[PDB]
file coords.pdb (PDB, C-alpha atoms)
ATOM      1  CA  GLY A   1     201.598 126.732 146.123
ATOM      2  CA  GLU A   2     202.218 123.068 145.406
ATOM      3  CA  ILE A   3     198.633 122.573 144.292
ATOM      4  CA  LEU A   4     199.072 120.318 141.282
ATOM      5  CA  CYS A   5     202.599 121.008 140.092
ATOM      6  CA  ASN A   6     203.587 117.354 140.011
ATOM      7  CA  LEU A   7     200.834 117.236 137.416
ATOM      8  CA  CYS A   8     202.144 120.094 135.309
ATOM      9  CA  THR A   9     205.881 119.785 135.819
ATOM     10  CA  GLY A  10     205.068 116.104 135.487
ATOM     11  CA  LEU A  11     203.407 116.494 132.109
ATOM     12  CA  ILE A  12     205.897 119.105 130.966
ATOM     13  CA  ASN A  13     208.714 116.595 131.255
ATOM     14  CA  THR A  14     206.487 114.321 129.207
ATOM     15  CA  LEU A  15     206.278 117.002 126.545
ATOM     16  CA  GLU A  16     210.026 116.606 126.209
ATOM     17  CA  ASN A  17     209.477 113.016 125.141
ATOM     18  CA  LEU A  18     205.911 113.493 123.966
ATOM     19  CA  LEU A  19     206.347 114.395 120.316
ATOM     20  CA  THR A  20     208.910 117.169 120.053
ATOM     21  CA  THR A  21     209.271 115.935 116.493
ATOM     22  CA  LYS A  22     205.893 114.904 115.133
ATOM     23  CA  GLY A  23     204.425 118.390 115.258
ATOM     24  CA  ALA A  24     203.595 119.245 118.851
ATOM     25  CA  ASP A  25     199.877 119.225 118.143
ATOM     26  CA  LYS A  26     199.158 116.202 120.304
ATOM     27  CA  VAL A  27     200.783 118.260 123.035
ATOM     28  CA  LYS A  28     197.884 120.678 123.292
ATOM     29  CA  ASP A  29     195.656 117.668 122.737
ATOM     30  CA  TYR A  30     197.045 115.883 125.773
ATOM     31  CA  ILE A  31     197.698 119.028 127.775
ATOM     32  CA  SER A  32     194.026 119.854 127.371
ATOM     33  CA  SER A  33     192.779 116.550 128.733
ATOM     34  CA  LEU A  34     195.107 117.012 131.681
ATOM     35  CA  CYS A  35     194.467 120.718 132.107
ATOM     36  CA  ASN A  36     190.861 119.632 131.734
ATOM     37  CA  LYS A  37     190.728 118.959 135.456
ATOM     38  CA  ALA A  38     190.912 122.374 137.075
ATOM     39  CA  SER A  39     187.661 124.293 137.352
ATOM     40  CA  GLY A  40     188.852 125.621 140.689
ATOM     41  CA  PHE A  41     191.874 127.241 142.294
ATOM     42  CA  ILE A  42     193.822 126.101 139.256
ATOM     43  CA  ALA A  43     191.115 127.595 137.072
ATOM     44  CA  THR A  44     193.304 130.610 136.405
ATOM     45  CA  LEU A  45     196.256 128.239 136.421
ATOM     46  CA  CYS A  46     194.780 126.328 133.506
ATOM     47  CA  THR A  47     193.888 129.425 131.521
ATOM     48  CA  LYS A  48     197.359 130.565 132.512
ATOM     49  CA  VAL A  49     199.118 128.069 130.276
ATOM     50  CA  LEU A  50     196.656 128.804 127.496
ATOM     51  CA  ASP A  51     197.165 132.525 127.967
ATOM     52  CA  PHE A  52     200.884 131.834 127.852
ATOM     53  CA  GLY A  53     200.916 129.285 125.055
ATOM     54  CA  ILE A  54     201.239 125.529 125.390
ATOM     55  CA  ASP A  55     203.717 125.793 122.541
ATOM     56  CA  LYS A  56     205.539 128.474 124.494
ATOM     57  CA  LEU A  57     206.021 126.267 127.530
ATOM     58  CA  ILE A  58     207.585 123.807 125.119
ATOM     59  CA  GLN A  59     209.614 126.621 123.608
ATOM     60  CA  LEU A  60     211.110 127.516 126.967
ATOM     61  CA  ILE A  61     212.229 123.934 127.457
ATOM     62  CA  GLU A  62     213.844 123.988 124.035
ATOM     63  CA  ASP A  63     215.994 126.775 125.427
ATOM     64  CA  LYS A  64     216.781 125.519 128.909
ATOM     65  CA  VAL A  65     213.684 125.989 131.033
ATOM     66  CA  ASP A  66     213.053 123.025 133.303
ATOM     67  CA  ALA A  67     209.526 121.759 133.835
ATOM     68  CA  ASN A  68     209.365 123.710 137.075
ATOM     69  CA  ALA A  69     210.801 127.020 135.932
ATOM     70  CA  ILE A  70     208.336 126.689 133.078
ATOM     71  CA  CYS A  71     205.543 125.938 135.518
ATOM     72  CA  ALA A  72     206.370 128.441 138.235
ATOM     73  CA  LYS A  73     206.412 130.797 135.273
ATOM     74  CA  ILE A  74     202.672 130.814 134.694
ATOM     75  CA  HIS A  75     202.594 130.436 138.459
ATOM     76  CA  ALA A  76     201.597 126.837 139.069
ATOM     77  CA  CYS A  77     203.681 126.282 142.179
TER      78      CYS A  77
END

call {"tool": "encode", "arguments": {"input": "coords.pdb", "output": "structure tokens"}}
result
Amino acid sequence: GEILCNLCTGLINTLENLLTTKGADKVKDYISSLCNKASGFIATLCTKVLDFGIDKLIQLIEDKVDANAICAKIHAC
């Protein structure tokens, strides 16, 4: 893989400092803009997170799921 993980796993980590308090709405707002750059091999990768749940990815972290484990999850690496 290693297509655009740095992007995901990179943003994921940002989600940890993003809001994680305000509401977590701006998360899907920012994750969209970012995820809004696939339309290709990541196509399914993008819809992957959506299919999974942007909030979910954040939920995993809450538990103890790194930005990678959370990524590799939906298969982004």

call {"tool": "resolve_selection", "arguments": {"input": "coords.pdb", "expression": "the PyMOL selection byres ((chain A and resi 30) around 12)", "output": "PyMOL selection string"}}
result
chain A and resi 8+11-12+14-15+18-19+24-29+31-37+54

call {"tool": "closest_residue", "arguments": {"input": "coords.pdb", "among": "A:48, A:6, A:40, A:13", "to": "residue 67 in chain A", "atoms": "only C-alpha atoms"}}
result
A:13

call {"tool": "resolve_selection", "arguments": {"input": "coords.pdb", "expression": "the PyMOL selection byres ((chain A and resi 41) around 12)", "output": "PyMOL selection string"}}
result
chain A and resi 1-4+37-40+42-48+75-77

call {"tool": "closest_residue", "arguments": {"input": "coords.pdb", "among": "A:49, A:74, A:22, A:17", "to": "residue 62 in chain A", "atoms": "all atoms listed in the file"}}
result
A:17

call {"tool": "atom_distance", "arguments": {"input": "coords.pdb", "atom1": "CA of residue 71 in chain A", "atom2": "CA of residue 53 in chain A"}}
result
11.9 Å

call {"tool": "residues_around", "arguments": {"input": "coords.pdb", "residues": "residue 61 in chain A", "least_positions_apart": "4", "cutoff": "8 Å", "atoms": "all atoms listed in the file", "output": "short mmCIF file (atom, residue, chain, number, x, y, z; two decimals) with C-alpha atoms, in the frame of the given file"}}
result
data_model
loop_
_atom_site.label_atom_id
_atom_site.label_comp_id
_atom_site.auth_asym_id
_atom_site.auth_seq_id
_atom_site.Cartn_x
_atom_site.Cartn_y
_atom_site.Cartn_z
CA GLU A 16 210.03 116.61 126.21
CA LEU A 57 206.02 126.27 127.53
CA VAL A 65 213.68 125.99 131.03
CA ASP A 66 213.05 123.02 133.30
CA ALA A 67 209.53 121.76 133.84
CA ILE A 70 208.34 126.69 133.08
#

call {"tool": "atom_distance", "arguments": {"input": "coords.pdb", "atom1": "CA of residue 21 in chain A", "atom2": "CA of residue 55 in chain A"}}
result
12.8 Å

call {"tool": "decode", "arguments": {"input": "coords.pdb", "residues": "chain A", "atoms": "C-alpha atoms", "output": "compact mmCIF listing (two decimals), in the first residue's frame"}}
result
# COMPACT_ATOMS: atom_id res chain seq x y z
CA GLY A 1 0.00 0.00 0.00
CA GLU A 2 1.50 3.26 1.21
CA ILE A 3 -0.59 5.25 -1.24
CA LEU A 4 -1.61 8.22 0.87
CA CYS A 5 -1.41 6.96 4.44
CA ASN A 6 0.73 9.85 5.63
CA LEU A 7 -2.34 11.82 4.62
CA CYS A 8 -4.82 9.74 6.58
CA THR A 9 -2.73 8.62 9.54
CA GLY A 10 -1.52 12.20 9.33
CA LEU A 11 -4.98 13.69 9.61
CA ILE A 12 -6.12 11.07 12.10
CA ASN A 13 -3.50 12.24 14.57
CA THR A 14 -4.88 15.71 13.91
CA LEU A 15 -8.32 14.47 14.87
CA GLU A 16 -6.84 13.76 18.28
CA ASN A 17 -6.13 17.46 18.66
CA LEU A 18 -8.73 18.62 16.18
CA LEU A 19 -11.80 19.11 18.35
CA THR A 20 -12.30 15.99 20.43
CA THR A 21 -14.28 18.31 22.67
CA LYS A 22 -16.21 20.80 20.57
CA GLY A 23 -18.43 18.20 18.96
CA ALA A 24 -16.43 16.34 16.33
CA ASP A 25 -18.50 17.81 13.52
CA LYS A 26 -15.65 19.83 12.06
CA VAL A 27 -13.90 16.48 11.87
CA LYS A 28 -16.08 15.20 9.06
CA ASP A 29 -15.95 18.73 7.69
CA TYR A 30 -12.17 18.67 7.47
CA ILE A 31 -11.91 14.97 6.74
CA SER A 32 -14.14 15.57 3.74
CA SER A 33 -11.98 18.31 2.26
CA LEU A 34 -8.99 16.04 2.69
CA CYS A 35 -10.74 12.86 1.61
CA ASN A 36 -11.98 15.09 -1.19
CA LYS A 37 -8.85 14.29 -3.15
CA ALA A 38 -9.21 10.65 -4.11
CA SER A 39 -11.28 9.91 -7.20
CA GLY A 40 -8.88 7.10 -8.00
CA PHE A 41 -7.20 4.12 -6.39
CA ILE A 42 -8.16 5.65 -3.07
CA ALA A 43 -11.69 6.06 -4.38
CA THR A 44 -12.78 3.00 -2.43
CA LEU A 45 -10.39 4.12 0.29
CA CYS A 46 -12.30 7.36 0.68
CA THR A 47 -15.71 5.72 0.68
CA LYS A 48 -14.08 3.25 3.03
CA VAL A 49 -13.84 5.72 5.90
CA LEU A 50 -17.35 6.93 5.16
CA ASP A 51 -18.61 3.36 5.03
CA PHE A 52 -16.82 2.83 8.33
CA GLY A 53 -17.71 6.10 10.01
CA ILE A 54 -15.47 9.13 10.43
CA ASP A 55 -16.77 9.20 13.99
CA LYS A 56 -15.83 5.55 14.31
CA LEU A 57 -12.22 6.15 13.36
CA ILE A 58 -12.22 8.71 16.14
CA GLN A 59 -13.93 6.21 18.41
CA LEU A 60 -11.17 3.66 17.88
CA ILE A 61 -8.57 6.23 18.89
CA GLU A 62 -10.56 6.98 22.02
CA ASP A 63 -9.98 3.35 22.91
CA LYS A 64 -6.36 2.85 21.90
CA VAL A 65 -6.24 2.61 18.13
CA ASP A 66 -3.30 4.51 16.68
CA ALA A 67 -3.72 6.52 13.50
CA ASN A 68 -2.26 3.63 11.53
CA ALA A 69 -4.17 0.75 13.06
CA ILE A 70 -7.22 2.91 12.45
CA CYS A 71 -6.13 3.51 8.88
CA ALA A 72 -4.93 0.04 7.98
CA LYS A 73 -8.34 -0.88 9.33
CA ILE A 74 -10.34 0.51 6.43
CA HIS A 75 -7.29 -0.58 4.47
CA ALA A 76 -5.47 2.62 3.61
CA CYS A 77 -1.95 1.24 3.84
